[PDB]
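Undergrad: Chains as they are written, first to last, in PDB author numbering: chain A, 434 to 447; chain C, 38 to 361.
Take a look at this one; I'll ask things after.
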């Protein structure tokens, strides 16, 4: 889950 | 009788003339009724089989007892929906077929207490609440993203910003994205006849922000009539029930996490800034996940970027085609 959850949390703003 | 056939033909002939005309307005029905069983419909057999919490689109005007409307469902045909007064007439019809409707019980008491119908036995009484059967809701339901934590912070703003850009790119040239700063959860209709009519009264509610609340609501109404899809980026929404009783009732889109363990490590990857407010972010997810899922319009349980995006894409596309 953290694989697809940490990738969504980064590219959105940064 | 030829008059009934003539009025059937004249009303029917007008039906296809308005088939390709812009939608006038829209309301919401919170009661279950069928427009085909009624014998007072101008056209018999072309009624609407609607249920509680449905949507309709009025386009023209016919009379004070009937209206022309189109169902929000895909493939919606021409149908007749009873007027607010007409629904009241059939509302009294539903509970008048019983043995008694007022105070005088028929418990083996006939011939002694006639009990002529008083004022309390009619619809003019019971004015404590007087919930209107038809509520003026926007023609198109606005789409709002909620969760998984407090709005206006780093966590919630960016995980919703991506979906705004993803929807904007695919719906470019046909969608409008607007962010509202004023509070929207206070969209009430039956508080007073005109709370804070003027800004120079210098009353309790004249100098407050309540006046700014209503001004945005009519803009939402006018933006709804534009026929273009509109989503709201309101930061004043945290619970679906807070913005459920209001007339707008936006589309509540829920983003959920499989376990709090994922959430706890998420802020850990952010930094030292969000750990201080991490205590209230954990509460926000908990107080939102305990709400029953059926209240929320849709759910987003997928974790990937793509499967989370296109899942809502067809839901909005099927709604877009269903309206027209």
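Where a beta carbon is used, it is the ideal one built from N, C-alpha and C, also for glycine.
Only counting the same chain, and skipping five residues up and downstream in sequence, which positions put a Cβ closer than 8 Å to that of residue 304 of chain C?
TA: These residues qualify, in order along the chain: 192, 311, 312, 315 and 318.
Undergrad: Confirm, please, whether the CB-CB distance from residue 181 of chain C to residue 257 of chain C is below 9 Å.
TA: no
Undergrad: I need the boundaries of the beta strand (DSSP E) containing residue 274 of chain C, first residue and last residue.
TA: Here residue 274 of chain C belongs to no beta strand (DSSP E), and DSSP marks it neither H nor E.
Undergrad: Please identify the residue among C/246, C/339 and C/216 whose C-alpha is closest to the C-alpha of residue 274 of chain C.
TA: C/216
Undergrad: How many Å lie between residue 212 of chain C and residue 254 of chain C at the Cα?
TA: 19 Å
Undergrad: According to DSSP, is residue 150 of chain C helix, strand or coil?
TA: coil
Undergrad: Take residue 51 of chain C as the anchor and find which of C/80, C/63 and C/65 has the nearest alpha-carbon.
TA: C/80
Undergrad: Find out if the Cβ-Cβ distance for the pair residue 218 of chain C, residue 172 of chain C is shorter than 9 Å.
TA: no
Undergrad: Between residue 205 of chain C and chain A, is the shortest Cβ-Cβ distance under 9 Å, so that the two count as touching?
TA: No, because no Cβ of chain A sits closer than 9 Å to the Cβ of residue 205 of chain C.
Undergrad: Leaving out five residues before and five after residue 143 of chain C in sequence, what residues of the same chain have Cβ atoms less than 6 Å from its Cβ?
TA: 136 and 137
Undergrad: Three Cβ pairs or more, each shorter than 8 Å: is that satisfied between the stretch 88-103 of chain C and the stretch 59-67 of chain C?
TA: yes
Undergrad: Run through DSSP, which three-state label would residue 322 of chain C get?
TA: helix
Undergrad: Apart from the five residues on each side of it in sequence, which residues of its chain come closer than 8 Å, Cβ to Cβ, to residue 174 of chain C?
TA: 63, 64, 65, 92, 284, 285 and 286
Undergrad: Just checking: is the beta-carbon of residue 290 of chain C within a distance shorter than 9 Å of some beta-carbon in chain A?
TA: no
Undergrad: Should residue 230 of chain C be flagged as near chain A, meaning a C-beta pair shorter than 9 Å?
TA: no
Undergrad: Where do the ends of the beta strand (DSSP E) carrying residue 119 of chain C lie?
TA: 115-119
Undergrad: Alpha carbon to alpha carbon, how far is residue 68 of chain C from residue 122 of chain C?
TA: In this structure, the CA atom of residue 68 of chain C is about 14 Å from the CA atom of residue 122 of chain C.
Undergrad: Label residue 236 of chain C either buried or exposed according to how many other C-beta atoms from any shown protein chain fall within 10 Å of its C-beta, with 16 as the threshold for buried.
TA: exposed
Undergrad: Please give the ranges of any alpha helix (DSSP H) in the stretch 230-274 of chain C, keeping only runs that are unbroken, at least 4 residues long and fully inside the region.
TA: Runs found: 247-261.
Undergrad: Pop quiz: residue 186 of chain C and residue 321 of chain C are said to be a contact at Cβ under 8 Å. What is the actual Cβ separation, rounded to whole angstroms?
TA: 5 Å
Undergrad: At a CB-CB cut-off below 9 Å, which residues of chain A make contact with residue 326 of chain C?
TA: Listed along chain A, no residue sits closer than 9 Å to residue 326 of chain C by beta-carbon distance, the nearest being about 16 Å off.
Undergrad: If the cut-off is 7 Å on Cβ atoms, which residues from the stretch 289-318 of chain C count as contacting chain A, listed in chain order?
TA: 295, 299, 302, 303 and 306
Undergrad: Going by DSSP, what residue range makes up the beta strand (DSSP E) through residue 65 of chain C?
TA: 62-66
Undergrad: Please identify, using Cβ separations under 9 Å, the residues of the stretch 175-198 of chain C that lie next to chain A, in order along the chain.
TA: Those residues of the stretch 175-198 of chain C placed with their C-beta closer than 9 Å to a C-beta in chain A are 191, 192, 194, 195, 196, 197 and 198, ordered along the chain.
Undergrad: Is it true that the CB of residue 87 of chain C sits closer than 9 Å to the CB of residue 103 of chain C?
TA: no
Undergrad: What separation, rounded to the nearest whole angstrom, lies between the Cα atoms of residue 133 of chain C and residue 249 of chain C?
TA: Within the model, the alpha-carbon separation for residue 133 of chain C versus residue 249 of chain C is close to 45 Å.
Undergrad: Residue 340 of chain C and residue 295 of chain C: beta carbons closer than 9 Å?
TA: yes
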